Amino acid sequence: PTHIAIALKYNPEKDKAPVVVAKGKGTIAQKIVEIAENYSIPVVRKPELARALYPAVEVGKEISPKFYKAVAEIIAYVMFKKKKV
């Protein structure tokens, strides 16, 4: 199958926005997923977004203000789910 992934680091006090720490196609993508699952880092399937996000940004640099809309929605879902346990 086709494979893509975008890894993001975000602290609430230090980062104004999410830093792209990795982006990946094919076996690179799969590697990021695997290490992450390995670290119990959440993984979200959002294809129109992952697609739209890939060419847009680069490794080590905080996402565009434009993306704040869909990314923040995701960080939100991720964290709502993790609250109960």
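So that there is no doubt, residue numbering starts at 1 and follows the sequence shown.
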- prompt: Going by what the PDB entry lists, where does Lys31 fall on CA B-factor within its chain: lowest, middle or highest third?
  reply: lowest
query: Can you tell me which third, lowest, middle or highest, the CA B-factor of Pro55 falls into for its chain?
result: highest
message: Is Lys14 in the lowest, middle or highest third of its chain when residues are ranked by C-alpha B-factor?
response: highest
query: Which third, lowest, middle or highest, does the CA B-factor of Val78 fall in along this chain?
result: middle
- request: Quick one: classify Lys23 as lowest, middle or highest third of the chain based on its Cα B-factor.
  value: lowest
